[PDB]
């Protein structure tokens, strides 16, 4: 199938960032204003009311009024709010655990997840509905936060175990569906890939892990000569948006895999790799004529402004590669639950 089909999970506690080293850095290192701005605010999470899971069938309206672009369905947002709160709190607690090392944040995360697990949340839905997508985002969000505390001894370990098993079932069920002519292969495929990768790690499920790495391999084969993703260039006014969107899960799969000794960044297909796609995002934002080759609509550029969660992937890549912030977007801190919370907090290092 692919070059990583014998890969195994070596360390289920390794997470998607070196938690101990990063914490040490946050507590002893010379922080700039940006990093200080990114420190999460402590609070007493033991008294906080967290979202309750939906009873029974997960029903979520379609996102787009019609098609896969244009105006948004007015019924969508009020419904996915519950999920976005679940995501926000999760990622916030994970980041607080990393920054402070206090077990209380871990216990808070586990109590919320345990409640969702006991309800069999994220399991009952129509695979052809919007719900199937919502699961890929919410399950990865939770897993990323949980992955940072897999080594913590001061928690209810039995509860930690039920939650991991639940996540494993969620991801196995969610990724068992192939998708359509697009969702088999487009950014959704990559999002399922990040889900399978991180949950495969924390649950020591080699097969889920391999399936997730396979999604990254699939993506590299769908990059045009210019660095554009084939399926993202069919989205009309959201083409540029979706080109960027695709980078989010691809980057987390690569970051997660590097903690298990795999270097997905180095992987390429016919001389094309993730760096080509980065270069194209940067170029096309400076010069949107580039997109005209694929779409004639004026591009929606809501994702391209300082502080947008959509830019979180830049935090991880620039930490690792050292390239230049050519668009001048890395000013304020970035926070995105679906890619592990604040990549500023977790990856960004000030530069001499």
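Residue numbers count along the first chain shown, from 1.
The PDB entry reports B-factors from which the mean C-alpha value can be compared for 246-254 and 214-222; the larger average falls on 214-222. Across the two stretches, 113-121 and 270-278, the PDB entry reports the greater mean Cα temperature factor for 270-278. Of the residues listed, 317, 299, 28, 312, the entry assigns the biggest Cα temperature factor to 299. When the C-alpha B-factors of 13, 331, 339, 344 are ranked from the entry, the top spot goes to 331.
In the PDB entry, a CA B factor belonging to the middle third of its chain's modelled residues is recorded for residue 261. Among all modelled residues in this chain, the alpha-carbon of residue 232 has a temperature factor (C-alpha) in the middle third. When the modelled residues of the chain are ordered by C-alpha B-factor, residue 179 sits in the highest third. Ranked against the other modelled residues of its chain, the C-alpha B-factor of residue 188 as given in the entry falls in the lowest third. In the PDB entry, a CA B factor belonging to the middle third of its chain's modelled residues is recorded for residue 107.
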